[PDB]
$ cat data20.pdb   # PDB, C-alpha atoms
ATOM      1  CA  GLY A   1     -61.115  81.204  48.626  1.00  0.00           C
ATOM      2  CA  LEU A   2     -64.722  79.953  48.476  1.00  0.00           C
ATOM      3  CA  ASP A   3     -67.023  78.332  45.891  1.00  0.00           C
ATOM      4  CA  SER A   4     -68.872  80.176  43.104  1.00  0.00           C
ATOM      5  CA  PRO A   5     -72.666  80.571  43.315  1.00  0.00           C
ATOM      6  CA  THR A   6     -74.331  79.230  40.146  1.00  0.00           C
ATOM      7  CA  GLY A   7     -77.425  77.264  39.066  1.00  0.00           C
ATOM      8  CA  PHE A   8     -79.137  80.590  39.778  1.00  0.00           C
ATOM      9  CA  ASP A   9     -82.283  81.789  37.979  1.00  0.00           C
ATOM     10  CA  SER A  10     -85.216  84.202  38.349  1.00  0.00           C
ATOM     11  CA  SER A  11     -88.922  83.839  39.177  1.00  0.00           C
ATOM     12  CA  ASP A  12     -91.628  85.006  41.613  1.00  0.00           C
ATOM     13  CA  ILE A  13     -91.482  88.021  39.332  1.00  0.00           C
ATOM     14  CA  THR A  14     -94.072  90.813  39.011  1.00  0.00           C
ATOM     15  CA  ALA A  15     -94.427  94.276  37.438  1.00  0.00           C
ATOM     16  CA  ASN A  16     -93.077  96.392  40.320  1.00  0.00           C
ATOM     17  CA  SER A  17     -91.439  93.495  42.175  1.00  0.00           C
ATOM     18  CA  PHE A  18     -89.749  90.196  41.299  1.00  0.00           C
ATOM     19  CA  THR A  19     -87.637  87.581  43.139  1.00  0.00           C
ATOM     20  CA  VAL A  20     -84.534  85.623  42.079  1.00  0.00           C
ATOM     21  CA  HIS A  21     -82.859  82.392  43.262  1.00  0.00           C
ATOM     22  CA  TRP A  22     -79.327  80.938  43.472  1.00  0.00           C
ATOM     23  CA  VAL A  23     -77.696  77.979  45.242  1.00  0.00           C
ATOM     24  CA  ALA A  24     -74.913  78.547  47.770  1.00  0.00           C
ATOM     25  CA  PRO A  25     -71.246  77.518  47.686  1.00  0.00           C
ATOM     26  CA  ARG A  26     -69.819  74.369  49.316  1.00  0.00           C
ATOM     27  CA  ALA A  27     -68.415  76.535  52.136  1.00  0.00           C
ATOM     28  CA  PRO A  28     -69.843  78.682  54.942  1.00  0.00           C
ATOM     29  CA  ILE A  29     -70.426  82.353  54.043  1.00  0.00           C
ATOM     30  CA  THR A  30     -71.577  85.445  55.975  1.00  0.00           C
ATOM     31  CA  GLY A  31     -74.049  86.960  53.482  1.00  0.00           C
ATOM     32  CA  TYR A  32     -74.540  87.518  49.733  1.00  0.00           C
ATOM     33  CA  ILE A  33     -74.769  90.950  48.073  1.00  0.00           C
ATOM     34  CA  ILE A  34     -77.567  91.309  45.494  1.00  0.00           C
ATOM     35  CA  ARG A  35     -77.300  94.308  43.160  1.00  0.00           C
ATOM     36  CA  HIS A  36     -79.889  94.939  40.419  1.00  0.00           C
ATOM     37  CA  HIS A  37     -80.023  97.519  37.605  1.00  0.00           C
ATOM     38  CA  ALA A  38     -81.715  97.765  34.181  1.00  0.00           C
ATOM     39  CA  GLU A  39     -79.164  97.538  31.342  1.00  0.00           C
ATOM     40  CA  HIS A  40     -81.052 100.427  29.709  1.00  0.00           C
ATOM     41  CA  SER A  41     -79.766 102.996  32.229  1.00  0.00           C
ATOM     42  CA  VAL A  42     -76.395 104.417  33.338  1.00  0.00           C
ATOM     43  CA  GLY A  43     -77.503 105.947  36.663  1.00  0.00           C
ATOM     44  CA  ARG A  44     -76.467 104.309  39.956  1.00  0.00           C
ATOM     45  CA  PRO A  45     -77.600 100.683  40.344  1.00  0.00           C
ATOM     46  CA  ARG A  46     -79.534  99.693  43.491  1.00  0.00           C
ATOM     47  CA  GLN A  47     -77.747  97.403  45.974  1.00  0.00           C
ATOM     48  CA  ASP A  48     -79.691  94.742  47.909  1.00  0.00           C
ATOM     49  CA  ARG A  49     -77.572  92.507  50.168  1.00  0.00           C
ATOM     50  CA  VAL A  50     -79.038  89.229  51.473  1.00  0.00           C
ATOM     51  CA  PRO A  51     -78.097  86.959  54.386  1.00  0.00           C
ATOM     52  CA  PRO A  52     -76.339  83.586  54.109  1.00  0.00           C
ATOM     53  CA  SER A  53     -79.607  81.763  54.895  1.00  0.00           C
ATOM     54  CA  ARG A  54     -81.349  83.103  51.767  1.00  0.00           C
ATOM     55  CA  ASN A  55     -80.901  81.715  48.232  1.00  0.00           C
ATOM     56  CA  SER A  56     -83.537  84.043  46.732  1.00  0.00           C
ATOM     57  CA  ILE A  57     -84.313  87.770  47.067  1.00  0.00           C
ATOM     58  CA  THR A  58     -87.621  89.536  46.343  1.00  0.00           C
ATOM     59  CA  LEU A  59     -86.906  92.809  44.508  1.00  0.00           C
ATOM     60  CA  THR A  60     -89.452  95.659  44.551  1.00  0.00           C
ATOM     61  CA  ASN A  61     -89.704  99.280  43.354  1.00  0.00           C
ATOM     62  CA  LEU A  62     -88.729  98.329  39.783  1.00  0.00           C
ATOM     63  CA  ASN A  63     -90.175  99.646  36.499  1.00  0.00           C
ATOM     64  CA  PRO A  64     -92.692  97.058  35.256  1.00  0.00           C
ATOM     65  CA  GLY A  65     -92.019  95.631  31.785  1.00  0.00           C
ATOM     66  CA  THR A  66     -88.219  95.911  31.579  1.00  0.00           C
ATOM     67  CA  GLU A  67     -85.070  93.761  31.671  1.00  0.00           C
ATOM     68  CA  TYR A  68     -83.127  94.186  34.929  1.00  0.00           C
ATOM     69  CA  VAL A  69     -79.542  92.920  35.290  1.00  0.00           C
ATOM     70  CA  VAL A  70     -78.984  91.498  38.793  1.00  0.00           C
ATOM     71  CA  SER A  71     -75.386  90.946  39.972  1.00  0.00           C
ATOM     72  CA  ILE A  72     -75.006  88.493  42.883  1.00  0.00           C
ATOM     73  CA  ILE A  73     -71.781  89.005  44.874  1.00  0.00           C
ATOM     74  CA  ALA A  74     -70.676  86.492  47.534  1.00  0.00           C
ATOM     75  CA  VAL A  75     -68.731  87.466  50.678  1.00  0.00           C
ATOM     76  CA  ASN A  76     -67.379  85.396  53.594  1.00  0.00           C
ATOM     77  CA  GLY A  77     -67.098  88.329  56.028  1.00  0.00           C
ATOM     78  CA  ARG A  78     -63.756  89.878  55.013  1.00  0.00           C
ATOM     79  CA  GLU A  79     -63.133  87.629  51.981  1.00  0.00           C
ATOM     80  CA  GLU A  80     -64.826  87.700  48.552  1.00  0.00           C
ATOM     81  CA  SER A  81     -65.956  85.426  45.694  1.00  0.00           C
ATOM     82  CA  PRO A  82     -67.188  85.359  42.089  1.00  0.00           C
ATOM     83  CA  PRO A  83     -70.242  87.549  41.420  1.00  0.00           C
ATOM     84  CA  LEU A  84     -73.091  85.308  40.207  1.00  0.00           C
ATOM     85  CA  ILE A  85     -74.694  87.939  37.963  1.00  0.00           C
ATOM     86  CA  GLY A  86     -77.771  87.139  35.853  1.00  0.00           C
ATOM     87  CA  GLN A  87     -80.469  88.935  33.840  1.00  0.00           C
ATOM     88  CA  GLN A  88     -84.274  88.805  34.123  1.00  0.00           C
ATOM     89  CA  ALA A  89     -87.175  91.113  33.219  1.00  0.00           C
ATOM     90  CA  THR A  90     -90.048  92.754  35.111  1.00  0.00           C
ATOM     91  CA  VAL A  91     -93.484  91.602  33.908  1.00  0.00           C
ATOM     92  CA  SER A  92     -95.495  94.054  31.784  1.00  0.00           C
ATOM     93  CA  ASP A  93     -98.390  96.046  33.276  1.00  0.00           C
ATOM     94  CA  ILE A  94    -100.474  96.703  30.140  1.00  0.00           C
ATOM     95  CA  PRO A  95    -102.536  93.762  28.861  1.00  0.00           C
ATOM     96  CA  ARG A  96    -103.084  92.922  25.175  1.00  0.00           C
ATOM     97  CA  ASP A  97    -105.643  91.409  22.774  1.00  0.00           C
ATOM     98  CA  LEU A  98    -108.418  93.703  24.063  1.00  0.00           C
ATOM     99  CA  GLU A  99    -111.291  92.311  21.960  1.00  0.00           C
ATOM    100  CA  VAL A 100    -115.011  91.576  22.425  1.00  0.00           C
ATOM    101  CA  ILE A 101    -116.354  88.004  22.646  1.00  0.00           C
ATOM    102  CA  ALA A 102    -120.033  88.671  23.453  1.00  0.00           C
ATOM    103  CA  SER A 103    -121.918  91.653  21.992  1.00  0.00           C
ATOM    104  CA  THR A 104    -125.260  91.888  23.818  1.00  0.00           C
ATOM    105  CA  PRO A 105    -127.859  94.534  22.950  1.00  0.00           C
ATOM    106  CA  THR A 106    -126.985  96.240  26.242  1.00  0.00           C
ATOM    107  CA  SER A 107    -123.487  94.977  27.106  1.00  0.00           C
ATOM    108  CA  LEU A 108    -120.264  93.529  25.666  1.00  0.00           C
ATOM    109  CA  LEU A 109    -117.664  91.001  26.869  1.00  0.00           C
ATOM    110  CA  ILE A 110    -114.068  92.295  26.850  1.00  0.00           C
ATOM    111  CA  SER A 111    -111.102  89.904  27.101  1.00  0.00           C
ATOM    112  CA  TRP A 112    -107.376  90.713  27.355  1.00  0.00           C
ATOM    113  CA  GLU A 113    -104.265  88.570  27.938  1.00  0.00           C
ATOM    114  CA  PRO A 114    -103.544  88.049  31.650  1.00  0.00           C
ATOM    115  CA  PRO A 115    -100.399  89.938  32.715  1.00  0.00           C
ATOM    116  CA  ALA A 116     -98.084  88.109  35.151  1.00  0.00           C
ATOM    117  CA  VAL A 117     -98.828  90.768  37.785  1.00  0.00           C
ATOM    118  CA  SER A 118    -101.215  91.122  40.748  1.00  0.00           C
ATOM    119  CA  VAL A 119    -103.694  93.639  39.286  1.00  0.00           C
ATOM    120  CA  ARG A 120    -105.910  95.050  42.051  1.00  0.00           C
ATOM    121  CA  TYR A 121    -108.555  96.397  39.652  1.00  0.00           C
ATOM    122  CA  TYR A 122    -109.016  97.994  36.194  1.00  0.00           C
ATOM    123  CA  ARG A 123    -110.949 101.196  35.349  1.00  0.00           C
ATOM    124  CA  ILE A 124    -112.258 100.963  31.775  1.00  0.00           C
ATOM    125  CA  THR A 125    -114.101 103.745  29.941  1.00  0.00           C
ATOM    126  CA  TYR A 126    -117.177 103.176  27.744  1.00  0.00           C
ATOM    127  CA  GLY A 127    -116.860 104.386  24.139  1.00  0.00           C
ATOM    128  CA  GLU A 128    -120.159 106.047  23.152  1.00  0.00           C
ATOM    129  CA  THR A 129    -120.508 108.110  19.959  1.00  0.00           C
ATOM    130  CA  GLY A 130    -123.598 110.356  20.123  1.00  0.00           C
ATOM    131  CA  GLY A 131    -125.255 108.896  23.242  1.00  0.00           C
ATOM    132  CA  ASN A 132    -125.478 111.593  25.942  1.00  0.00           C
ATOM    133  CA  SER A 133    -122.023 112.095  27.498  1.00  0.00           C
ATOM    134  CA  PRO A 134    -118.305 111.305  27.252  1.00  0.00           C
ATOM    135  CA  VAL A 135    -116.731 107.872  27.803  1.00  0.00           C
ATOM    136  CA  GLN A 136    -118.083 106.085  30.904  1.00  0.00           C
ATOM    137  CA  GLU A 137    -115.356 104.953  33.332  1.00  0.00           C
ATOM    138  CA  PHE A 138    -116.261 101.812  35.319  1.00  0.00           C
ATOM    139  CA  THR A 139    -114.022  99.943  37.796  1.00  0.00           C
ATOM    140  CA  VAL A 140    -113.189  96.255  37.295  1.00  0.00           C
ATOM    141  CA  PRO A 141    -113.124  93.768  40.195  1.00  0.00           C
ATOM    142  CA  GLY A 142    -110.126  91.927  38.649  1.00  0.00           C
ATOM    143  CA  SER A 143    -112.746  89.217  38.007  1.00  0.00           C
ATOM    144  CA  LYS A 144    -110.458  87.838  35.303  1.00  0.00           C
ATOM    145  CA  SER A 145    -108.719  88.709  32.014  1.00  0.00           C
ATOM    146  CA  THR A 146    -112.213  89.453  30.653  1.00  0.00           C
ATOM    147  CA  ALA A 147    -114.561  92.153  31.994  1.00  0.00           C
ATOM    148  CA  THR A 148    -118.203  93.034  31.240  1.00  0.00           C
ATOM    149  CA  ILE A 149    -119.458  96.228  29.558  1.00  0.00           C
ATOM    150  CA  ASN A 150    -123.171  96.729  30.298  1.00  0.00           C
ATOM    151  CA  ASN A 151    -124.872 100.144  30.571  1.00  0.00           C
ATOM    152  CA  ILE A 152    -124.204 100.270  26.814  1.00  0.00           C
ATOM    153  CA  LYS A 153    -126.553 101.903  24.274  1.00  0.00           C
ATOM    154  CA  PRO A 154    -127.456 100.289  20.930  1.00  0.00           C
ATOM    155  CA  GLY A 155    -127.703 102.359  17.722  1.00  0.00           C
ATOM    156  CA  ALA A 156    -124.400 104.287  17.668  1.00  0.00           C
ATOM    157  CA  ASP A 157    -120.723 103.550  16.983  1.00  0.00           C
ATOM    158  CA  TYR A 158    -118.818 102.783  20.196  1.00  0.00           C
ATOM    159  CA  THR A 159    -115.331 102.428  21.700  1.00  0.00           C
ATOM    160  CA  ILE A 160    -113.636 100.943  24.790  1.00  0.00           C
ATOM    161  CA  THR A 161    -110.514 101.835  26.818  1.00  0.00           C
ATOM    162  CA  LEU A 162    -109.146 100.029  29.901  1.00  0.00           C
ATOM    163  CA  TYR A 163    -106.756 101.416  32.553  1.00  0.00           C
ATOM    164  CA  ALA A 164    -105.651  98.392  34.617  1.00  0.00           C
ATOM    165  CA  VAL A 165    -104.906  99.949  38.022  1.00  0.00           C
ATOM    166  CA  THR A 166    -102.106  98.306  40.037  1.00  0.00           C
ATOM    167  CA  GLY A 167    -101.493  99.255  43.687  1.00  0.00           C
ATOM    168  CA  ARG A 168     -97.975 100.365  44.684  1.00  0.00           C
ATOM    169  CA  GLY A 169     -98.301 101.002  48.445  1.00  0.00           C
ATOM    170  CA  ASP A 170     -99.349 104.495  49.595  1.00  0.00           C
ATOM    171  CA  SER A 171    -100.318 105.139  45.953  1.00  0.00           C
ATOM    172  CA  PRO A 172    -101.523 102.751  43.232  1.00  0.00           C
ATOM    173  CA  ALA A 173    -100.703 103.047  39.515  1.00  0.00           C
ATOM    174  CA  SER A 174    -102.235 102.504  36.054  1.00  0.00           C
ATOM    175  CA  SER A 175    -100.141 101.658  32.970  1.00  0.00           C
ATOM    176  CA  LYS A 176    -101.136 103.231  29.637  1.00  0.00           C
ATOM    177  CA  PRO A 177    -104.793 102.700  28.710  1.00  0.00           C
ATOM    178  CA  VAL A 178    -105.432 100.325  25.798  1.00  0.00           C
ATOM    179  CA  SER A 179    -108.434 101.438  23.724  1.00  0.00           C
ATOM    180  CA  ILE A 180    -110.325  99.528  21.016  1.00  0.00           C
ATOM    181  CA  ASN A 181    -113.491 100.104  18.959  1.00  0.00           C
ATOM    182  CA  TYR A 182    -117.027  98.662  19.073  1.00  0.00           C
ATOM    183  CA  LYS A 183    -120.228  99.205  17.053  1.00  0.00           C
ATOM    184  CA  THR A 184    -123.580  99.118  18.890  1.00  0.00           C
TER     185      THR A 184
END
$ encode --input "data20.pdb" --output "structure tokens"
Amino acid sequence: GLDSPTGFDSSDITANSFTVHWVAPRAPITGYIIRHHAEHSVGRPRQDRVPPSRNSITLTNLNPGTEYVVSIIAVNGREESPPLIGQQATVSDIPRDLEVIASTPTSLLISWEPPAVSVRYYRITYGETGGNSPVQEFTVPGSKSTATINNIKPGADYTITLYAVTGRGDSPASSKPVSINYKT
């Protein structure tokens, strides 16, 4: 009865949120239904319906680092249409390549791949062997994919672990901590 929505795609993605896009049919509609659900689950899929004046939909509350199948259903009020379903993936929250690029006698330069997500800050822990205490946790001002590691002590094996913290609304979050090694 109407046209099929295609030429769709996905983008504006994130770790706990991501948007999708899709052109409209050659006829007037009343609203499009957007349902999304990871193909790695059998529970009930979430249903997000969008208006007729929206070709994209920002999805949120979604596990970061996972493929989510989104089924787009068209509807002209009491009629129906072909479901423009697609498949995308939520960005990952944990970084990678945690290595040092500058070993100063009192600090080190850490660098990790930049995750396609809005990280608010990272809390890394210092890895000291026999210094005078356990790992030292220090917050990171999301300065960039590389952070600094001063307050270090020379003369003793070392280690480093980062806990990128990502906000989630009334409560932030922190993927698994990636730890590496370092000799002082």
$ residues_around --input "data20.pdb" --residues "residue 166 in chain A" --least-positions-apart "2" --cutoff "10 Å" --atoms "all atoms listed in the file" --output "ChimeraX atom specification"
/A:15-16,93,117-122,163-164,168-169,171-175
$ closest_residue --input "data20.pdb" --among "A:158, A:138, A:8, A:18" --to "residue 65 in chain A" --atoms "all atoms listed in the file"
A:18
$ resolve_selection --input "data20.pdb" --expression "the PyMOL selection byres ((chain A and resi 101) around 12)" --output "list in words"
residues 97, 98, 99, 100, 102, 103, 104, 107, 108, 109, 110, 111, 112, 146, 147, 148, 149 and 182 of chain A
$ write_last_selection --input "data20.pdb" --atoms "C-alpha atoms" --output "compact mmCIF listing (two decimals), in the frame of the given file"
# COMPACT_ATOMS: atom_id res chain seq x y z
CA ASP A 97 -105.64 91.41 22.77
CA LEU A 98 -108.42 93.70 24.06
CA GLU A 99 -111.29 92.31 21.96
CA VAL A 100 -115.01 91.58 22.42
CA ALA A 102 -120.03 88.67 23.45
CA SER A 103 -121.92 91.65 21.99
CA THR A 104 -125.26 91.89 23.82
CA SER A 107 -123.49 94.98 27.11
CA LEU A 108 -120.26 93.53 25.67
CA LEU A 109 -117.66 91.00 26.87
CA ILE A 110 -114.07 92.30 26.85
CA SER A 111 -111.10 89.90 27.10
CA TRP A 112 -107.38 90.71 27.36
CA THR A 146 -112.21 89.45 30.65
CA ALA A 147 -114.56 92.15 31.99
CA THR A 148 -118.20 93.03 31.24
CA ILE A 149 -119.46 96.23 29.56
CA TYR A 182 -117.03 98.66 19.07
$ resolve_selection --input "data20.pdb" --expression "the PyMOL selection byres ((chain A and resi 36-41) around 10)" --output "ChimeraX atom specification"
/A:34-35,42-48,59,62-63,66-72,85-90
$ atom_distance --input "data20.pdb" --atom1 "CA of residue 170 in chain A" --atom2 "CA of residue 137 in chain A"
22.8 Å
$ closest_residue --input "data20.pdb" --among "A:105, A:25, A:127, A:83" --to "residue 180 in chain A" --atoms "only C-alpha atoms"
A:127
$ axis_aligned_box --input "data20.pdb" --around "range 32-44 of chain A" --padding-each-side "4 Å" --output "lines of an AutoDock Vina configuration file"
center_x = -78.1
center_y = 96.7
center_z = 39.7
size_x = 15.2
size_y = 26.4
size_z = 28.0
$ residues_around --input "data20.pdb" --residues "range 75-81 of chain A" --least-positions-apart "5" --cutoff "12 Å" --atoms "all atoms listed in the file" --output "ChimeraX atom specification"
/A:1-6,24-25,27-34,49-52
$ atom_distance --input "data20.pdb" --atom1 "CA of residue 124 in chain A" --atom2 "CA of residue 92 in chain A"
18.1 Å
$ residues_near_point --input "data20.pdb" --point "(-102.4, 88.6, 27.2)" --cutoff "7 Å" --atoms "only C-alpha atoms" --output "PyMOL selection string"
chain A and resi 95-97+112-115
$ atom_distance --input "data20.pdb" --atom1 "CA of residue 181 in chain A" --atom2 "CA of residue 152 in chain A"
13.3 Å
$ resolve_selection --input "data20.pdb" --expression "the PyMOL selection byres ((chain A and resi 154) around 7)" --output "short mmCIF file (atom, residue, chain, number, x, y, z; two decimals) with C-alpha atoms, keeping the file's coordinate frame"
data_model
loop_
_atom_site.label_atom_id
_atom_site.label_comp_id
_atom_site.auth_asym_id
_atom_site.auth_seq_id
_atom_site.Cartn_x
_atom_site.Cartn_y
_atom_site.Cartn_z
CA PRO A 105 -127.86 94.53 22.95
CA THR A 106 -126.98 96.24 26.24
CA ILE A 152 -124.20 100.27 26.81
CA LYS A 153 -126.55 101.90 24.27
CA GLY A 155 -127.70 102.36 17.72
CA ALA A 156 -124.40 104.29 17.67
CA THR A 184 -123.58 99.12 18.89
#
$ closest_residue --input "data20.pdb" --among "A:125, A:136, A:143, A:58" --to "residue 162 in chain A" --atoms "all atoms listed in the file"
A:125
$ closest_residue --input "data20.pdb" --among "A:176, A:26, A:10, A:183" --to "residue 64 in chain A" --atoms "all atoms listed in the file"
A:176
$ build_atoms --input "data20.pdb" --residues "range 66-78 of chain A" --atoms "N, CA and C atoms" --output "PDB file, keeping the file's coordinate frame"
ATOM      1  N   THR A  66     -89.606  95.483  31.923  1.00  0.00           N
ATOM      2  CA  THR A  66     -88.219  95.911  31.579  1.00  0.00           C
ATOM      3  C   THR A  66     -87.223  94.821  31.979  1.00  0.00           C
ATOM      4  N   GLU A  67     -86.096  94.778  31.322  1.00  0.00           N
ATOM      5  CA  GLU A  67     -85.070  93.761  31.671  1.00  0.00           C
ATOM      6  C   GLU A  67     -84.164  94.343  32.754  1.00  0.00           C
ATOM      7  N   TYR A  68     -83.989  93.646  33.843  1.00  0.00           N
ATOM      8  CA  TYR A  68     -83.127  94.186  34.929  1.00  0.00           C
ATOM      9  C   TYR A  68     -81.936  93.254  35.159  1.00  0.00           C
ATOM     10  N   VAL A  69     -80.743  93.772  35.069  1.00  0.00           N
ATOM     11  CA  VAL A  69     -79.542  92.920  35.290  1.00  0.00           C
ATOM     12  C   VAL A  69     -79.267  92.828  36.792  1.00  0.00           C
ATOM     13  N   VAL A  70     -79.241  91.641  37.332  1.00  0.00           N
ATOM     14  CA  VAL A  70     -78.984  91.498  38.793  1.00  0.00           C
ATOM     15  C   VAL A  70     -77.610  90.857  39.011  1.00  0.00           C
ATOM     16  N   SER A  71     -76.740  91.519  39.729  1.00  0.00           N
ATOM     17  CA  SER A  71     -75.386  90.946  39.972  1.00  0.00           C
ATOM     18  C   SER A  71     -75.305  90.387  41.396  1.00  0.00           C
ATOM     19  N   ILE A  72     -75.099  89.104  41.526  1.00  0.00           N
ATOM     20  CA  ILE A  72     -75.006  88.493  42.883  1.00  0.00           C
ATOM     21  C   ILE A  72     -73.540  88.418  43.314  1.00  0.00           C
ATOM     22  N   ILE A  73     -73.194  89.052  44.402  1.00  0.00           N
ATOM     23  CA  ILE A  73     -71.781  89.005  44.874  1.00  0.00           C
ATOM     24  C   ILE A  73     -71.715  88.213  46.181  1.00  0.00           C
ATOM     25  N   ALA A  74     -70.790  87.299  46.286  1.00  0.00           N
ATOM     26  CA  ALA A  74     -70.676  86.492  47.534  1.00  0.00           C
ATOM     27  C   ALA A  74     -69.621  87.114  48.452  1.00  0.00           C
ATOM     28  N   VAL A  75     -69.729  86.889  49.733  1.00  0.00           N
ATOM     29  CA  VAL A  75     -68.731  87.466  50.678  1.00  0.00           C
ATOM     30  C   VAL A  75     -68.675  86.609  51.945  1.00  0.00           C
ATOM     31  N   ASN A  76     -67.499  86.230  52.365  1.00  0.00           N
ATOM     32  CA  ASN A  76     -67.379  85.396  53.594  1.00  0.00           C
ATOM     33  C   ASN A  76     -66.917  86.274  54.759  1.00  0.00           C
ATOM     34  N   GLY A  77     -67.506  87.427  54.914  1.00  0.00           N
ATOM     35  CA  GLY A  77     -67.098  88.329  56.028  1.00  0.00           C
ATOM     36  C   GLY A  77     -66.061  89.329  55.515  1.00  0.00           C
ATOM     37  N   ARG A  78     -64.812  88.951  55.508  1.00  0.00           N
ATOM     38  CA  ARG A  78     -63.756  89.878  55.013  1.00  0.00           C
ATOM     39  C   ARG A  78     -63.179  89.338  53.700  1.00  0.00           C
TER      40      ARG A  78
END
